[PDB]
Amino acid sequence: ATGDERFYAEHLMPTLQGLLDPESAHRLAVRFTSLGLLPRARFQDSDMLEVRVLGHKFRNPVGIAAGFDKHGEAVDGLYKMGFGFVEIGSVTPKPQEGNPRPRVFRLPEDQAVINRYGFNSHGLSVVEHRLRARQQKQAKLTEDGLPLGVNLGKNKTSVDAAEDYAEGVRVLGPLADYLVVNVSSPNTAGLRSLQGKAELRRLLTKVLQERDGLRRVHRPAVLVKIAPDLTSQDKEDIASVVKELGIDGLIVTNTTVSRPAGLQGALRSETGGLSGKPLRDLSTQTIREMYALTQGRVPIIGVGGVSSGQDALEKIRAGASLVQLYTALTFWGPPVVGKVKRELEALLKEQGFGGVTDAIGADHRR
Ligand SMILES: Cc1cc2nc3c(=O)[nH]c(=O)nc-3n(C[C@H](O)[C@H](O)[C@H](O)COP(=O)(O)O)c2cc1C
Ligand SMILES: COC(=O)/C(C)=C/CC/C(C)=C/Cc1c(O)c(Cl)c(C)c(C=O)c1O
Ligand SMILES: O=C(O)c1cc(=O)[nH]c(=O)[nH]1
């Protein structure tokens, strides 16, 4: 372990969190990232960490989850942190404010966060222009194993959900290596009902048609991001639709509306999605289920409570080809990225895997 890891985790981050309200801290973190006010990412990615999936090379399998850089303001700073891929968003078609403040809450005793942002978004046009300003820089990054994902949401007041996602595909699809159809935010009324079989098939047919209409060089993979709170029936239905339509992958999972027994944080009963440690194993089990239901043939990006190499490898062994983290960054700061990667490499060696690829879904073959 490094001096920076300890300094950030034990001193700098908790001291600053003591001084800054959650959303102010989030805004400052985005600003610091965009400005490159970041510690040295000392860890060099080994060949063992490379993954080929979704029509792309990923230099390492650790990405930043959606919701950190909602508006595509900090993409390059996120690569400088050592993330193998960056996901921005969620982005809505029209700009919208989201919910009133406060709308993000720390649960320090649980290493968790609850948020009810409600898709605060600069909107498609602003994000489009932001991504266009660095489009060729991104093309080079992608070629060098550092892909970009764009996560799409829907406006609060929109009368046609499928048309919102279609607009996102048309506007940001040409700027993305992959798109995410986010049907799992707990903070937009009626959104999670789009995970239902009939609604999902209709929505995804339209999304895929719009994607297929993009020029070849500008044609992204399409993934669906799902909740950790689905019934067994819901999961069976999603797997069926994914296979029927040839959806490129799944992101598993969004935040939970559950409140696991044992939460200690004073703010545990705030409305919103819960992330971090209490979500971890619920998310891992959802990855495990979805991998089995799709016969290991559908790439999964595993997300929820990853804060160590062990957390990452558990999701990989459960069936994730790639992982993301967010809440761990909020507690431990930028050095957490190198920590996860270093620990993951060590564990892969210890468990006799030649690399990440060999470990994907390994628990299912035990
Ligand atoms: C403050 C906050 C905002 C988020 N915003 C989004 C979002 O806009 N779109 C999305 O798909 N997921 C969003 N998420 C969910 C994360 O992408 C991720 O699925 C979830 O937090 C679990 O990972 P973690 O435990 O590493 O944070 C957000 C999470 C947090 C904590
Ligand atoms: C990348 O940011 C940094 O390196 C530093 C030192 C940021 C200072 C502000 C800070 C202590 C942020 C921690 C924090 C938070 O405390 C909370 Cl609650 C959230 C939601 C986020 C979202 O990114 C978050 O980053
Ligand atoms: O904007 C939000 O509230 C949000 C979206 C999402 O998909 N997940 C989440 O936890 N929050």
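Numbers for residues simply follow the sequence, beginning at 1. In what follows, every heavy atom counts, from backbone to side chain, and hydrogens, waters and symmetry copies are set aside.
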So, [X] side chain and [Y] main chain: donor-acceptor pair closer than 3.5 Å or not?
X    : Y    : answer
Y165 : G153 : no
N99  : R116 : yes
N151 : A66  : no

Is [Y] close to [X] at the side-chain level, that is, under 4.5 Å between some pair of heavy atoms?
X    : Y    : value
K315 : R288 : no
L204 : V181 : yes
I301 : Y178 : yes

Inter-residue atom distance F83.CZ - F85.CZ, 0.5 Å rounding: 9.5 Å
Distance (rounded to the nearest 0.5 Å) between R192 CZ and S184 OG: 9.0 Å
Closest approach of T271 to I114 (non-hydrogen atoms, all atoms of both residues): O-CG2, 3.6 Å
Closest contact, heavy atoms only, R106 versus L267: O-CD1, 3.7 Å
Pairing of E128 and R170 as salt bridge, 4.0 angstrom limit: no
Quick one about [Y] and [X] (side-chain donor to acceptor, distance below 3.5 Å, no hydrogens or angles considered), yes or no?
X    : Y    : result
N155 : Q96  : yes
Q138 : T142 : yes
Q285 : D281 : no
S275 : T255 : no
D21  : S24  : yes
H122 : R130 : yes

Chi angles and distances behind the salt bridge (charged side-chain N to carboxylate O under 4.0 Å, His left out) call for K57, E50: CA-CA 7 Å; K57 173 188 154 170; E50 189 188 298; 3.7 Å; yes
Qualifying ring-ring contact (aromatic ring centres under 6.0 Å, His included) pairs, either residue in residues 343-366, two or more places apart: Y291-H364
Full working for salt bridge (charged side-chain N to carboxylate O under 4.0 Å, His left out) between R211 and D248: CA-CA 12 Å; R211 184 280 302 276; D248 301 301; 2.8 Å; yes
Residue among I251, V62, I64 satisfying side chain to side chain contact (heavy atoms under 4.5 Å, CB included) with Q324: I251
Identified side chain to side chain contact (heavy atoms under 4.5 Å, CB included) partner of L131 from the options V126, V91, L148: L148
Working for side chain to side chain contact (heavy atoms under 4.5 Å, CB included), residues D76 and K137: CA-CA 9 Å; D76 294 300; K137 175 177 261 187; 3.6 Å; yes
Derivation and outcome, side chain to side chain contact (heavy atoms under 4.5 Å, CB included), residues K243 and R297: CA-CA 9 Å; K243 290 186 282 172; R297 292 168 174 156; over 6 Å; no
Salt bridge (charged side-chain N to carboxylate O under 4.0 Å, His left out) between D234 and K197, intermediate numbers included: CA-CA 7 Å; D234 292 337; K197 198 170 191 182; over 6 Å; no
Within 6.0 angstrom of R101 CZ, more than 12 heavy atoms from elsewhere: yes
Ring centre gap for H26 and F68 strictly below 6.0 Å: yes
Check against salt bridge (charged side-chain N to carboxylate O under 4.0 Å, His left out), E270 and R268: CA-CA 6 Å; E270 288 293 342; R268 70 187 187 189; over 6 Å; no
